[PDB]
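J.: The structure under discussion is supplied below as C-alpha coordinates; questions concerning it will follow.
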Amino acid sequence: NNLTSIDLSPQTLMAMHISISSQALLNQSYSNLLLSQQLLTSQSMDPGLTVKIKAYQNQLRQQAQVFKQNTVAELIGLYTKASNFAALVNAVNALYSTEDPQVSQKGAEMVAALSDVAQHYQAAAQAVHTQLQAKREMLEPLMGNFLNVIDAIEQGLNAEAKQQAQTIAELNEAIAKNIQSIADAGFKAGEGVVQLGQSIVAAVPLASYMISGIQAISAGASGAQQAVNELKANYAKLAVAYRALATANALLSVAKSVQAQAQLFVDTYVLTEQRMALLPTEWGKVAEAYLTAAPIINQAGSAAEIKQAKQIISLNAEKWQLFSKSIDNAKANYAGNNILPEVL
(Lines give C-alpha, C1' and ligand atoms only; values in the text may rest on other atoms or scores of the structure.)
Protein backbone atom coordinates (compact mmCIF):
# COMPACT_ATOMS: atom_id res chain seq x y z
CA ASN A 1 0.00 0.00 0.00
CA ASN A 2 2.94 2.43 0.92
CA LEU A 3 6.82 2.33 1.26
CA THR A 4 6.87 0.21 4.49
CA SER A 5 5.13 -2.76 2.68
CA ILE A 6 7.49 -3.17 -0.39
CA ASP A 7 10.04 -6.11 -0.34
CA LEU A 8 13.15 -5.21 -2.46
CA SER A 9 15.13 -7.88 -0.49
CA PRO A 10 16.66 -11.12 -1.87
CA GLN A 11 14.06 -13.05 0.28
CA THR A 12 15.19 -16.70 0.93
CA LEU A 13 17.69 -16.60 -2.07
CA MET A 14 20.79 -16.50 0.17
CA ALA A 15 19.84 -19.54 2.25
CA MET A 16 18.70 -21.43 -0.87
CA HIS A 17 21.98 -20.89 -2.70
CA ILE A 18 23.84 -22.05 0.48
CA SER A 19 21.65 -25.24 0.73
CA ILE A 20 22.23 -25.85 -3.04
CA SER A 21 26.05 -25.36 -2.69
CA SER A 22 25.94 -27.72 0.37
CA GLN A 23 24.81 -30.70 -1.81
CA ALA A 24 26.24 -29.65 -5.25
CA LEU A 25 29.83 -29.24 -3.79
CA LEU A 26 29.67 -32.68 -2.09
CA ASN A 27 28.26 -34.23 -5.34
CA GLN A 28 31.26 -32.55 -7.14
CA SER A 29 33.65 -34.53 -4.84
CA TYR A 30 31.63 -37.81 -5.31
CA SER A 31 31.86 -37.22 -9.12
CA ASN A 32 35.69 -36.95 -8.82
CA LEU A 33 35.63 -40.19 -6.71
CA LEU A 34 33.76 -42.10 -9.52
CA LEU A 35 36.25 -40.65 -12.08
CA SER A 36 39.34 -41.52 -9.93
CA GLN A 37 38.09 -45.08 -9.15
CA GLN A 38 40.15 -47.77 -10.98
CA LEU A 39 38.10 -49.37 -13.84
CA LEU A 40 37.26 -53.12 -13.47
CA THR A 41 39.30 -55.15 -16.06
CA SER A 42 37.87 -58.09 -18.14
CA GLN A 43 39.36 -60.46 -15.47
CA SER A 44 36.42 -62.65 -16.77
CA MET A 45 35.90 -65.74 -14.45
CA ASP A 46 32.24 -64.74 -14.61
CA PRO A 47 31.95 -62.54 -17.74
CA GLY A 48 28.16 -61.95 -17.33
CA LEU A 49 28.49 -60.11 -13.97
CA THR A 50 31.72 -58.34 -15.20
CA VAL A 51 29.82 -56.83 -18.22
CA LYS A 52 27.00 -55.70 -15.83
CA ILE A 53 29.52 -54.08 -13.40
CA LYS A 54 31.60 -52.41 -16.20
CA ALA A 55 28.38 -51.16 -17.92
CA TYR A 56 27.11 -49.48 -14.68
CA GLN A 57 30.64 -48.18 -13.74
CA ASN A 58 31.06 -46.62 -17.27
CA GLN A 59 27.51 -45.13 -17.27
CA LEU A 60 28.14 -43.60 -13.76
CA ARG A 61 31.59 -42.23 -14.79
CA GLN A 62 29.93 -40.60 -17.86
CA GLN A 63 27.27 -38.99 -15.55
CA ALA A 64 29.94 -37.87 -13.01
CA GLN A 65 31.88 -36.16 -15.85
CA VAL A 66 28.62 -34.47 -17.10
CA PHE A 67 27.92 -33.13 -13.56
CA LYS A 68 31.53 -32.05 -12.85
CA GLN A 69 31.97 -30.21 -16.22
CA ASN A 70 28.45 -29.23 -17.45
CA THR A 71 25.95 -29.12 -14.49
CA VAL A 72 28.47 -27.25 -12.21
CA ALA A 73 29.06 -24.60 -14.97
CA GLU A 74 25.22 -24.36 -15.37
CA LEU A 75 24.89 -23.73 -11.57
CA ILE A 76 27.85 -21.24 -11.53
CA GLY A 77 25.84 -19.49 -14.34
CA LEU A 78 22.70 -19.25 -12.11
CA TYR A 79 24.82 -17.87 -9.19
CA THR A 80 26.35 -15.28 -11.61
CA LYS A 81 22.76 -14.09 -12.36
CA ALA A 82 22.24 -13.55 -8.57
CA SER A 83 25.53 -11.50 -8.51
CA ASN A 84 24.25 -9.51 -11.57
CA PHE A 85 20.90 -8.76 -9.83
CA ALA A 86 22.75 -7.53 -6.67
CA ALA A 87 24.72 -5.10 -8.91
CA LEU A 88 21.43 -3.80 -10.44
CA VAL A 89 19.95 -3.18 -6.93
CA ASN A 90 23.22 -1.34 -6.07
CA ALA A 91 22.67 0.76 -9.25
CA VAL A 92 19.14 1.77 -8.03
CA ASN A 93 20.95 2.79 -4.79
CA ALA A 94 23.56 4.81 -6.78
CA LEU A 95 20.66 6.62 -8.54
CA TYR A 96 19.18 7.75 -5.15
CA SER A 97 22.71 9.03 -4.09
CA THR A 98 22.22 11.91 -6.68
CA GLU A 99 19.93 14.95 -6.11
CA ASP A 100 17.87 14.29 -9.30
CA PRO A 101 14.40 15.84 -8.65
CA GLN A 102 12.72 13.21 -10.98
CA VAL A 103 14.47 10.29 -9.11
CA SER A 104 11.07 8.75 -8.09
CA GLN A 105 10.14 8.09 -11.79
CA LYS A 106 13.68 6.93 -12.90
CA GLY A 107 13.73 4.73 -9.72
CA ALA A 108 10.28 3.19 -10.29
CA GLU A 109 11.19 2.32 -13.96
CA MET A 110 14.43 0.70 -12.82
CA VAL A 111 12.68 -1.40 -10.19
CA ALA A 112 9.99 -2.35 -12.79
CA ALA A 113 12.92 -3.32 -15.09
CA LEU A 114 14.62 -5.49 -12.35
CA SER A 115 11.17 -7.15 -11.99
CA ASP A 116 11.53 -8.39 -15.63
CA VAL A 117 15.22 -9.45 -14.97
CA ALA A 118 14.04 -11.55 -11.96
CA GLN A 119 11.35 -13.18 -14.21
CA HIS A 120 14.28 -14.21 -16.57
CA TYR A 121 16.43 -15.63 -13.69
CA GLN A 122 13.24 -17.55 -12.69
CA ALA A 123 13.16 -19.14 -16.19
CA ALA A 124 16.98 -19.71 -16.08
CA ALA A 125 16.65 -21.67 -12.79
CA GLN A 126 13.55 -23.60 -14.11
CA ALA A 127 15.70 -24.69 -17.15
CA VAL A 128 18.53 -26.02 -14.90
CA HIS A 129 15.94 -27.76 -12.61
CA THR A 130 14.26 -29.46 -15.64
CA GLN A 131 17.77 -30.72 -16.76
CA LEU A 132 18.51 -32.04 -13.17
CA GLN A 133 15.04 -33.71 -12.90
CA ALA A 134 15.48 -35.33 -16.39
CA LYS A 135 18.83 -36.98 -15.36
CA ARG A 136 17.44 -37.92 -11.89
CA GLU A 137 14.62 -39.83 -13.72
CA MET A 138 17.34 -41.76 -15.61
CA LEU A 139 19.82 -42.32 -12.74
CA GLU A 140 17.19 -43.89 -10.34
CA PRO A 141 16.08 -46.75 -12.71
CA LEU A 142 19.82 -47.33 -13.61
CA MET A 143 20.76 -47.76 -9.94
CA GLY A 144 17.57 -49.71 -9.15
CA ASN A 145 18.32 -52.36 -11.88
CA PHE A 146 21.96 -52.71 -10.65
CA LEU A 147 20.64 -53.18 -7.06
CA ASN A 148 18.32 -55.99 -8.40
CA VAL A 149 21.50 -57.61 -9.93
CA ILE A 150 23.32 -57.47 -6.51
CA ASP A 151 20.23 -58.71 -4.53
CA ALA A 152 19.69 -61.66 -6.99
CA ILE A 153 23.32 -62.82 -6.23
CA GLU A 154 22.99 -62.15 -2.41
CA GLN A 155 19.83 -64.35 -2.01
CA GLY A 156 22.07 -67.31 -3.10
CA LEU A 157 24.95 -66.66 -0.58
CA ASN A 158 25.79 -68.92 2.45
CA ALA A 159 25.13 -67.58 6.04
CA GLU A 160 28.70 -66.15 6.59
CA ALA A 161 28.87 -64.35 3.16
CA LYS A 162 25.30 -62.90 3.52
CA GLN A 163 26.53 -61.44 6.90
CA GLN A 164 29.72 -59.96 5.28
CA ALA A 165 27.33 -58.37 2.68
CA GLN A 166 25.11 -56.86 5.50
CA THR A 167 28.30 -55.54 7.30
CA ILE A 168 29.50 -53.89 4.00
CA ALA A 169 26.07 -52.23 3.45
CA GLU A 170 26.00 -50.99 7.13
CA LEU A 171 29.60 -49.55 7.00
CA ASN A 172 28.93 -47.87 3.59
CA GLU A 173 25.91 -46.06 5.24
CA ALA A 174 28.08 -45.20 8.32
CA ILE A 175 31.00 -43.84 6.15
CA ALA A 176 28.45 -41.68 4.23
CA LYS A 177 27.29 -40.04 7.54
CA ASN A 178 31.02 -39.58 8.56
CA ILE A 179 31.84 -37.84 5.21
CA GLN A 180 28.64 -35.67 5.60
CA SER A 181 29.73 -34.56 9.17
CA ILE A 182 33.29 -33.78 7.86
CA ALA A 183 32.03 -31.77 4.83
CA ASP A 184 29.42 -29.75 6.90
CA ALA A 185 32.15 -28.77 9.45
CA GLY A 186 34.31 -27.48 6.53
CA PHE A 187 31.32 -25.70 4.80
CA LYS A 188 30.19 -23.81 8.03
CA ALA A 189 26.88 -22.92 6.21
CA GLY A 190 28.47 -21.05 3.22
CA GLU A 191 31.25 -19.15 5.16
CA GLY A 192 33.92 -21.95 4.78
CA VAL A 193 36.18 -23.57 2.10
CA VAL A 194 34.76 -27.19 1.69
CA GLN A 195 37.77 -29.44 0.77
CA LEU A 196 37.79 -33.31 0.71
CA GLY A 197 40.51 -35.73 -0.58
CA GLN A 198 40.73 -39.45 -1.50
CA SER A 199 42.85 -42.62 -0.96
CA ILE A 200 42.73 -46.42 -1.52
CA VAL A 201 40.66 -47.62 1.54
CA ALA A 202 40.20 -51.30 0.51
CA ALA A 203 41.11 -53.85 -2.23
CA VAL A 204 39.37 -57.00 -3.61
CA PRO A 205 41.60 -59.86 -4.88
CA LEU A 206 40.82 -61.40 -8.39
CA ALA A 207 44.97 -59.08 -9.93
CA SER A 208 43.66 -56.48 -7.37
CA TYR A 209 40.59 -54.11 -7.78
CA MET A 210 41.49 -51.15 -5.55
CA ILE A 211 38.58 -49.22 -4.05
CA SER A 212 38.93 -45.38 -3.67
CA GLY A 213 37.23 -43.55 -0.76
CA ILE A 214 36.79 -39.93 0.40
CA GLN A 215 39.14 -38.74 3.20
CA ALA A 216 39.44 -35.50 5.23
CA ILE A 217 42.40 -33.18 4.36
CA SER A 218 44.21 -32.09 7.60
CA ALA A 219 43.38 -35.05 9.96
CA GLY A 220 44.22 -32.40 12.67
CA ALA A 221 42.23 -29.15 11.85
CA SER A 222 38.89 -30.37 10.25
CA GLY A 223 36.05 -29.31 12.68
CA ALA A 224 34.43 -32.76 13.42
CA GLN A 225 37.44 -34.78 14.76
CA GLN A 226 34.90 -37.43 16.00
CA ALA A 227 33.82 -38.15 12.38
CA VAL A 228 37.49 -38.51 11.17
CA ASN A 229 38.28 -41.17 13.87
CA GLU A 230 35.01 -43.03 13.04
CA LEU A 231 35.86 -42.80 9.27
CA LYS A 232 39.34 -44.40 9.79
CA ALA A 233 37.75 -47.14 12.03
CA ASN A 234 34.92 -47.81 9.49
CA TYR A 235 37.31 -47.98 6.44
CA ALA A 236 39.52 -50.52 8.34
CA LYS A 237 36.42 -52.72 9.09
CA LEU A 238 35.08 -52.21 5.52
CA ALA A 239 38.42 -53.46 4.06
CA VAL A 240 38.04 -56.68 6.20
CA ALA A 241 34.42 -57.27 5.06
CA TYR A 242 35.35 -56.93 1.33
CA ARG A 243 38.39 -59.28 1.65
CA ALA A 244 36.04 -61.74 3.46
CA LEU A 245 33.04 -61.57 1.02
CA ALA A 246 35.67 -61.87 -1.81
CA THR A 247 36.56 -65.46 -0.69
CA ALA A 248 32.86 -66.32 -1.57
CA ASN A 249 32.15 -64.03 -4.58
CA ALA A 250 34.95 -61.53 -5.51
CA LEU A 251 32.98 -59.70 -8.28
CA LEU A 252 30.05 -59.30 -5.81
CA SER A 253 32.48 -57.33 -3.52
CA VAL A 254 33.55 -55.22 -6.58
CA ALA A 255 29.84 -54.67 -7.51
CA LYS A 256 28.96 -53.56 -3.93
CA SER A 257 32.01 -51.16 -3.90
CA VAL A 258 30.75 -49.61 -7.21
CA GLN A 259 27.12 -49.37 -5.90
CA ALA A 260 28.42 -47.60 -2.71
CA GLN A 261 30.21 -44.95 -4.86
CA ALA A 262 26.97 -44.62 -6.95
CA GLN A 263 24.64 -44.36 -3.85
CA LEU A 264 26.64 -41.25 -2.73
CA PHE A 265 26.50 -39.68 -6.26
CA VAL A 266 22.76 -40.44 -6.90
CA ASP A 267 21.57 -39.53 -3.33
CA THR A 268 23.47 -36.16 -3.46
CA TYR A 269 22.18 -35.54 -7.06
CA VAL A 270 18.61 -36.10 -5.82
CA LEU A 271 19.19 -33.66 -2.90
CA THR A 272 20.79 -31.08 -5.28
CA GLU A 273 17.64 -31.39 -7.51
CA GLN A 274 15.24 -31.00 -4.49
CA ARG A 275 17.08 -27.85 -3.21
CA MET A 276 17.00 -26.48 -6.76
CA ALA A 277 13.23 -27.13 -7.09
CA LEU A 278 12.43 -24.15 -4.82
CA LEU A 279 14.70 -21.58 -6.66
CA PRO A 280 12.45 -20.73 -9.69
CA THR A 281 9.48 -19.96 -7.32
CA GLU A 282 11.81 -17.67 -5.19
CA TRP A 283 13.06 -15.61 -8.21
CA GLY A 284 9.31 -15.44 -9.10
CA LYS A 285 8.57 -14.01 -5.60
CA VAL A 286 11.37 -11.40 -6.15
CA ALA A 287 9.89 -10.51 -9.60
CA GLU A 288 6.36 -10.17 -8.04
CA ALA A 289 7.63 -7.97 -5.15
CA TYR A 290 9.62 -5.65 -7.52
CA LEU A 291 6.60 -5.26 -9.86
CA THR A 292 4.32 -4.32 -6.87
CA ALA A 293 7.01 -1.94 -5.45
CA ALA A 294 7.42 0.08 -8.71
CA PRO A 295 4.15 2.11 -8.48
CA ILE A 296 4.76 2.68 -4.70
CA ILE A 297 8.35 4.00 -5.27
CA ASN A 298 6.91 6.34 -8.00
CA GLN A 299 4.32 7.90 -5.58
CA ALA A 300 7.16 8.66 -3.07
CA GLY A 301 8.11 12.05 -4.69
CA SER A 302 8.18 14.61 -1.75
CA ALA A 303 11.63 15.57 -0.26
CA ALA A 304 10.80 13.39 2.86
CA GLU A 305 9.15 10.46 0.89
CA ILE A 306 12.39 10.29 -1.25
CA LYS A 307 14.67 10.22 1.88
CA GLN A 308 12.52 7.24 3.11
CA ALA A 309 12.75 5.42 -0.29
CA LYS A 310 16.57 6.05 -0.33
CA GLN A 311 16.73 4.52 3.21
CA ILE A 312 14.74 1.34 2.15
CA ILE A 313 16.74 0.97 -1.13
CA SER A 314 20.15 1.44 0.63
CA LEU A 315 19.19 -1.27 3.23
CA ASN A 316 18.11 -3.81 0.53
CA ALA A 317 21.28 -2.87 -1.48
CA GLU A 318 23.49 -3.84 1.54
CA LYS A 319 21.45 -7.12 1.89
CA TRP A 320 22.12 -7.94 -1.81
CA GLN A 321 25.90 -7.10 -1.37
CA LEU A 322 26.09 -9.56 1.60
CA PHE A 323 24.36 -12.23 -0.64
CA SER A 324 26.73 -11.21 -3.54
CA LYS A 325 29.75 -12.09 -1.29
CA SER A 326 28.03 -15.41 -0.32
CA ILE A 327 27.90 -16.08 -4.13
CA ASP A 328 31.61 -15.14 -4.70
CA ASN A 329 32.48 -17.65 -1.88
CA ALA A 330 30.33 -20.46 -3.41
CA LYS A 331 31.83 -19.76 -6.91
CA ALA A 332 35.38 -19.96 -5.41
CA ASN A 333 34.47 -23.29 -3.68
CA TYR A 334 33.06 -24.83 -6.94
CA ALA A 335 36.36 -23.73 -8.59
CA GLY A 336 38.72 -24.99 -5.82
CA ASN A 337 36.68 -28.21 -5.21
CA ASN A 338 37.08 -29.31 -8.92
CA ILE A 339 40.19 -31.35 -7.74
CA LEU A 340 39.92 -34.25 -5.19
CA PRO A 341 43.55 -34.43 -3.99
CA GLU A 342 45.24 -37.66 -2.75
CA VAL A 343 46.07 -38.13 1.02
CA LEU A 344 48.36 -40.78 2.70
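Residue names in the C-alpha coordinates use chain letters A, B, ... in the order shown, residue numbers from 1 in each chain, and ligand numbers from 1 in the order shown.
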Need to verify the contact set: residue 104 (chain A), 8 Å, only C-alpha atoms, exclusion of same-chain residues closer than 5 positions in sequence. Can you return it as a PyMOL selection string?

T.: chain A and resi 297-301+306

J.: Do you have, as CSV, the list of residues of region 116-172 of chain A lying at most 10 Å from region 283-291 of chain A, each with its nearest atom pair and that distance in Å to one decimal, counting only C-alpha atoms and ordered by chain then number?

T.:
residue,atom,partner,partner_atom,distance
A:116,CA,A:287,CA,6.6
A:117,CA,A:287,CA,7.6
A:118,CA,A:287,CA,4.9
A:119,CA,A:287,CA,5.5
A:120,CA,A:283,CA,8.6
A:121,CA,A:283,CA,6.4
A:122,CA,A:283,CA,4.9
A:123,CA,A:283,CA,8.7
A:124,CA,A:283,CA,9.7
A:125,CA,A:283,CA,8.4
A:126,CA,A:283,CA,9.9

J.: List every residue of region 114-182 of chain A that has an atom at most 10 Å from any atom of region 47-71 of chain A, and for each one report the closest atom pair and its distance in Å to one decimal, counting only C-alpha atoms, with rows sorted by chain and then by increasing residue number, as a tab-separated table.

T.:
residue	atom	partner	partner_atom	distance
A:128	CA	A:71	CA	8.1
A:131	CA	A:71	CA	8.6
A:132	CA	A:71	CA	8.1
A:135	CA	A:63	CA	8.7
A:139	CA	A:60	CA	8.5
A:142	CA	A:56	CA	7.7
A:143	CA	A:56	CA	8.1
A:145	CA	A:56	CA	9.7
A:146	CA	A:56	CA	7.3
A:149	CA	A:52	CA	8.3
A:150	CA	A:49	CA	9.5
A:153	CA	A:49	CA	9.7

J.: I'd like the neighbourhood of residue 189 (chain A) as a list in words, where a residue qualifies if any of its atoms comes within 9 Å (using only C-alpha atoms), though same-chain residues fewer than 4 positions away should be ignored.

T.: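 Skipping anything fewer than 4 positions along the chain leaves residues 15, 18, 19, 22, 184 and 185 of chain A.
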
J.: Write out as a list in words the residues lying within 9 Å of residue 183 (chain A), counting only C-alpha atoms and excluding same-chain residues fewer than 6 positions away.

T.: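 In the requested form, the answer reads residues 22, 26, 194, 195, 196, 216, 222 and 224 of chain A.
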
J.: Hey, can you spit out that residue selection with N, CA, C and O atoms as a CSV table (one decimal), in the first residue's frame?

T.:
chain,number,residue,atom,x,y,z
A,22,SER,N,25.8,-26.6,-0.6
A,22,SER,CA,25.9,-27.7,0.4
A,22,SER,C,26.0,-29.1,-0.3
A,22,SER,O,27.0,-29.7,-0.2
A,26,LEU,N,29.4,-31.3,-2.5
A,26,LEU,CA,29.7,-32.7,-2.1
A,26,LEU,C,29.5,-33.6,-3.3
A,26,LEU,O,30.4,-34.4,-3.5
A,194,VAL,N,34.9,-25.7,1.7
A,194,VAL,CA,34.8,-27.2,1.7
A,194,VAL,C,35.9,-27.8,0.9
A,194,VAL,O,36.0,-27.5,-0.3
A,195,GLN,N,36.7,-28.7,1.5
A,195,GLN,CA,37.8,-29.4,0.8
A,195,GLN,C,37.9,-30.9,1.3
A,195,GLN,O,38.0,-31.0,2.6
A,196,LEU,N,37.7,-31.8,0.5
A,196,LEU,CA,37.8,-33.3,0.7
A,196,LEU,C,38.9,-33.9,-0.2
A,196,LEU,O,39.1,-33.3,-1.3
A,216,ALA,N,39.4,-36.9,4.8
A,216,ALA,CA,39.4,-35.5,5.2
A,216,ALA,C,40.8,-35.0,4.9
A,216,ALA,O,41.7,-35.9,4.9
A,222,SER,N,40.2,-30.3,10.9
A,222,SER,CA,38.9,-30.4,10.2
A,222,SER,C,37.7,-30.5,11.3
A,222,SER,O,37.3,-31.7,11.4
A,224,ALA,N,34.9,-31.5,12.9
A,224,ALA,CA,34.4,-32.8,13.4
A,224,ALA,C,35.5,-33.8,13.4
A,224,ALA,O,35.6,-34.6,12.5

J.: Which residues are near residue 203 (chain A)? Cut-off 12 Å, only C-alpha atoms, ignore same chain within fewer than 6 positions. Put them as an mmCIF file with N, CA and C atoms, in the first residue's frame.

T.:
data_model
loop_
_atom_site.group_PDB
_atom_site.id
_atom_site.type_symbol
_atom_site.label_atom_id
_atom_site.label_comp_id
_atom_site.auth_asym_id
_atom_site.auth_seq_id
_atom_site.Cartn_x
_atom_site.Cartn_y
_atom_site.Cartn_z
ATOM 1 N N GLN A 37 38.243 -43.629 -9.412
ATOM 2 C CA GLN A 37 38.088 -45.082 -9.153
ATOM 3 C C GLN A 37 38.623 -45.902 -10.330
ATOM 4 N N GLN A 38 39.569 -46.781 -10.040
ATOM 5 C CA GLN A 38 40.151 -47.768 -10.983
ATOM 6 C C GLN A 38 39.003 -48.488 -11.703
ATOM 7 N N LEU A 40 37.201 -51.632 -13.576
ATOM 8 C CA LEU A 40 37.256 -53.115 -13.468
ATOM 9 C C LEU A 40 37.754 -53.668 -14.808
ATOM 10 N N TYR A 209 41.514 -55.263 -7.582
ATOM 11 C CA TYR A 209 40.591 -54.109 -7.779
ATOM 12 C C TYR A 209 40.695 -53.267 -6.519
ATOM 13 N N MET A 210 41.220 -52.046 -6.668
ATOM 14 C CA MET A 210 41.494 -51.151 -5.549
ATOM 15 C C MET A 210 40.419 -50.074 -5.467
ATOM 16 N N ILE A 211 39.738 -50.056 -4.312
ATOM 17 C CA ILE A 211 38.584 -49.216 -4.052
ATOM 18 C C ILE A 211 39.036 -47.870 -3.489
ATOM 19 N N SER A 212 38.601 -46.764 -4.098
ATOM 20 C CA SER A 212 38.929 -45.379 -3.668
ATOM 21 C C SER A 212 37.825 -44.919 -2.727
ATOM 22 N N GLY A 213 38.190 -44.113 -1.734
ATOM 23 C CA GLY A 213 37.234 -43.552 -0.765
ATOM 24 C C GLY A 213 37.586 -42.124 -0.416
ATOM 25 N N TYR A 235 36.569 -47.552 7.660
ATOM 26 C CA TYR A 235 37.313 -47.981 6.444
ATOM 27 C C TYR A 235 38.065 -49.281 6.749
ATOM 28 N N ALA A 236 38.751 -49.336 7.890
ATOM 29 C CA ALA A 236 39.525 -50.522 8.335
ATOM 30 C C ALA A 236 38.610 -51.762 8.355
ATOM 31 N N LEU A 238 35.630 -52.036 6.885
ATOM 32 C CA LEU A 238 35.084 -52.209 5.516
ATOM 33 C C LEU A 238 36.066 -53.051 4.704
ATOM 34 N N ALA A 239 37.353 -52.736 4.790
ATOM 35 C CA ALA A 239 38.419 -53.462 4.061
ATOM 36 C C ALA A 239 38.383 -54.953 4.425
ATOM 37 N N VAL A 240 38.114 -55.274 5.694
ATOM 38 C CA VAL A 240 38.043 -56.678 6.197
ATOM 39 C C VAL A 240 36.855 -57.366 5.526
ATOM 40 N N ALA A 241 35.685 -56.728 5.596
ATOM 41 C CA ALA A 241 34.418 -57.268 5.065
ATOM 42 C C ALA A 241 34.571 -57.595 3.574
ATOM 43 N N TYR A 242 35.181 -56.713 2.783
ATOM 44 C CA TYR A 242 35.349 -56.932 1.326
ATOM 45 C C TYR A 242 36.288 -58.123 1.102
ATOM 46 N N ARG A 243 37.415 -58.179 1.814
ATOM 47 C CA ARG A 243 38.389 -59.282 1.645
ATOM 48 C C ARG A 243 37.681 -60.593 1.989
ATOM 49 N N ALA A 244 36.798 -60.561 2.988
ATOM 50 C CA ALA A 244 36.043 -61.739 3.463
ATOM 51 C C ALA A 244 35.025 -62.176 2.403
ATOM 52 N N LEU A 245 34.106 -61.286 2.020
ATOM 53 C CA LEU A 245 33.044 -61.565 1.021
ATOM 54 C C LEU A 245 33.697 -62.059 -0.272
ATOM 55 N N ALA A 246 34.883 -61.539 -0.596
ATOM 56 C CA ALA A 246 35.667 -61.866 -1.812
ATOM 57 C C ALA A 246 36.047 -63.356 -1.853
ATOM 58 N N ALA A 250 34.057 -62.699 -5.353
ATOM 59 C CA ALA A 250 34.953 -61.531 -5.507
ATOM 60 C C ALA A 250 34.266 -60.417 -6.303
ATOM 61 N N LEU A 251 33.637 -60.736 -7.439
ATOM 62 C CA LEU A 251 32.985 -59.702 -8.284
ATOM 63 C C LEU A 251 31.773 -59.106 -7.554
ATOM 64 N N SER A 253 31.788 -58.384 -4.317
ATOM 65 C CA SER A 253 32.482 -57.334 -3.518
ATOM 66 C C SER A 253 32.720 -56.112 -4.410
ATOM 67 N N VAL A 254 33.297 -56.309 -5.593
ATOM 68 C CA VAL A 254 33.546 -55.220 -6.580
ATOM 69 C C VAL A 254 32.228 -54.482 -6.795
ATOM 70 N N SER A 257 31.114 -52.340 -4.014
ATOM 71 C CA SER A 257 32.007 -51.157 -3.902
ATOM 72 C C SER A 257 31.539 -50.115 -4.923
#

J.: Which residue gives the smallest distance to residue 192 (chain A) among A:328, A:7, A:46, A:170, with only C-alpha atoms counted?

T.: A:328

J.: Tell me, in Å to one decimal, how far CA of residue 200 (chain A) is from CA of residue 332 (chain A).

T.: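 Atom-to-atom, CA of residue 200 (chain A) to CA of residue 332 (chain A), that is 27.7 Å.
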
J.: Which is closest to residue 109 (chain A) among A:9, A:337, A:292, A:321, if we use only C-alpha atoms?

T.: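 Checking each candidate against residue 109 (chain A), we get A:292 as the closest.
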
J.: Compile the contact shell of residue 342 (chain A) as a PyMOL selection string: residues with an atom at most 12 Å away, counting only C-alpha atoms, same-chain residues fewer than 2 positions apart removed.

T.: chain A and resi 32-33+36+195-201+212-218+339-340+344

J.: Could you list, as number ranges by chain, every residue within 8 Å of residue 265 (chain A), counting only C-alpha atoms and ignoring same-chain residues fewer than 6 positions away?

T.: A: 27, 30-31, 64

J.: Expressed in Å to a single decimal, how great is the separation between CA of residue 156 (chain A) and CA of residue 176 (chain A)?

T.: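 We find that CA of residue 156 (chain A) and CA of residue 176 (chain A) lie 27.4 Å from each other.
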
J.: Nearest to residue 162 (chain A): which of A:43, A:268, A:178, A:249 is it, counting only C-alpha atoms?

T.: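 Nearest to residue 162 (chain A): A:249.
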
J.: Given the choices A:148, A:29, A:83, A:102, which gets closest to residue 255 (chain A) if the distance is worked out from only C-alpha atoms?

T.: A:148

J.: Between A:266, A:276, A:330, A:161, which one has atoms that come closest to residue 248 (chain A), using only C-alpha atoms?

T.: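 When distances to residue 248 (chain A) are compared using only C-alpha atoms, the smallest one comes from A:161.
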
J.: Would you write out, as a tab-separated table, a table of all residues in region 86-195 of chain A that have an atom no more than 12 Å from an atom of region 310-315 of chain A, listing for each the closest atom pair and the distance in Å to one decimal, considering only C-alpha atoms and ordering rows by chain and rising residue number?

T.:
residue	atom	partner	partner_atom	distance
A:86	CA	A:313	CA	11.8
A:88	CA	A:313	CA	11.5
A:89	CA	A:313	CA	7.8
A:90	CA	A:314	CA	7.9
A:91	CA	A:313	CA	10.1
A:92	CA	A:313	CA	7.4
A:93	CA	A:314	CA	5.6
A:94	CA	A:314	CA	8.8
A:95	CA	A:310	CA	9.2
A:96	CA	A:310	CA	5.7
A:97	CA	A:310	CA	7.8
A:98	CA	A:310	CA	10.3
A:99	CA	A:310	CA	11.1
A:103	CA	A:310	CA	10.0
A:104	CA	A:310	CA	9.9
A:107	CA	A:313	CA	9.8
A:108	CA	A:313	CA	11.4
A:110	CA	A:313	CA	11.9
A:111	CA	A:313	CA	10.2
